[PDB]
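Listed below, chain by chain, are the residues.
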Amino acid sequence: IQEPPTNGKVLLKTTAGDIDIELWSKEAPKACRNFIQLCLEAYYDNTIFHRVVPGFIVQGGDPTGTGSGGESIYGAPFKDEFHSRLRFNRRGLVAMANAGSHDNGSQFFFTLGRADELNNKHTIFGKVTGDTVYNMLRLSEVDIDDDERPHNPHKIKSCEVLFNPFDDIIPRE
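The record names X-ray crystallography as the way this model was obtained, at a resolution of 2.00 Å.

The PDB entry lists the protein under the name Peptidyl-prolyl cis-trans isomerase CWC27 homolog, from Homo sapiens.

**Q** Summarise the sheet that holds strand 3 (residues 47-48); cite the residues concerned and give the values.
**A** The sheet built from nine strands is open, its strands ordered 3-9-1-2-8-6-7-5-4 with antiparallel pairing. Pairing within the sheet leaves two strands with one partner each, and these edge strands are strand 3 and strand 4 (51-53). Strand direction decides the pairing type here: strand 2 (residues 17-23) and strand 8 (residues 124-128), joined by three bridges, are antiparallel. In the strand pairing of strand 8, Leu23 is matched with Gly126.

**Q** Kindly report on the pattern of salt bridges, identifying the contributing residues and their values.
**A** Under the definition given, this model contains seven salt bridges. Between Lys13 and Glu160 there is a salt bridge, with the nearest N and O atoms lying 2.9 Å from each other. Residue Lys13 is located in strand 1 (residues 9-14), and its partner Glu160 is located in strand 9 (residues 155-163); the two are separated by 147 residues in the primary sequence. We classify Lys13 as partly exposed; its relative accessible area is 32%. For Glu160, a relative accessible area of 32% gives the class partly exposed. We note a salt bridge from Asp168 to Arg33, for which the minimum N-O separation is 2.7 Å. Here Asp168 is found in the segment after strand 9, whereas its partner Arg33 is found in helix 1 (residues 29-40), with 135 residues between them in sequence. One network of salt bridges, with partners in common, ties together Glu3, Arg90 and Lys127.

**Q** Kindly report on the packing of aromatic side chains, identifying the contributing residues and their values.
**A** Describing an aromatic ring pair means giving the distance of the ring centres and the angle of the ring planes. Within the structure shown, the criterion is met by ten aromatic pairs. Centre to centre, the rings of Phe49 and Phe108 are 6.3 Å apart; their planes meet at 90°, and the pair counts as edge-to-face. Placement of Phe49 in the loop between strand 3 and strand 4 and of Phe108 in strand 7 (residues 108-111) is noted, with a sequence separation of 59 residues between them. Residue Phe49 shares its accessibility class with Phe108, and that shared class is buried.

Basis of the calculations
- Residues numbered from 1 in each chain as written, not as in the entry; some residues may be left out.
- Heavy atoms only, no water.
- Residues with missing side-chain atoms left out of burial classes, pairs and counts.
- Pairing = 2+ DSSP bridges.
- Helix = DSSP H or I, 4+ residues; strand = E, 2+ residues; numbered from the N terminus.
- Salt bridge = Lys/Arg side-chain N within 4 Å of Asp/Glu carboxyl O.
- Buried < 20%, exposed > 50% of the residue type's maximum accessible area, 1.4 Å probe, protein only.
- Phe/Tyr/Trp six-rings, centres within 6.5 Å; stacked < 30°, edge-to-face > 60°.

Given below as structure tokens:
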């Protein structure tokens, strides 16, 4: 009844403010490695938060902005990484989007509430710090047109890896 310590830290500089993410790199090494490397490759620069479901999630990480694009660093969608100590029991968690099993690419989402129904379906790989959760929540404070798409989506401008727990990440050219 206590969350494991985190290891790794990433700052997302967004149009809603700074969002600091602590990473569960021990529990979700593949997802955390993917995320860190994509940040370092500037892959998330100028990407929008294309999907907002009020009280549930805000989703981004698609370089096309359409909601159907994005790819991992591994050359194909990668495996799920669940852990019984990491549960969708509060808002402010960071997880991988997918459309089925073993379908992790680049798209990720923040939780705006509980999402118990996503337990054992989506990789949880991080959490937002207390002093940036208000900025995270502000990503969802948007007028939403059709298909859960904001009229004026917020964006990630740039990223900073404040602590890299991996030895051997070489960003692709």
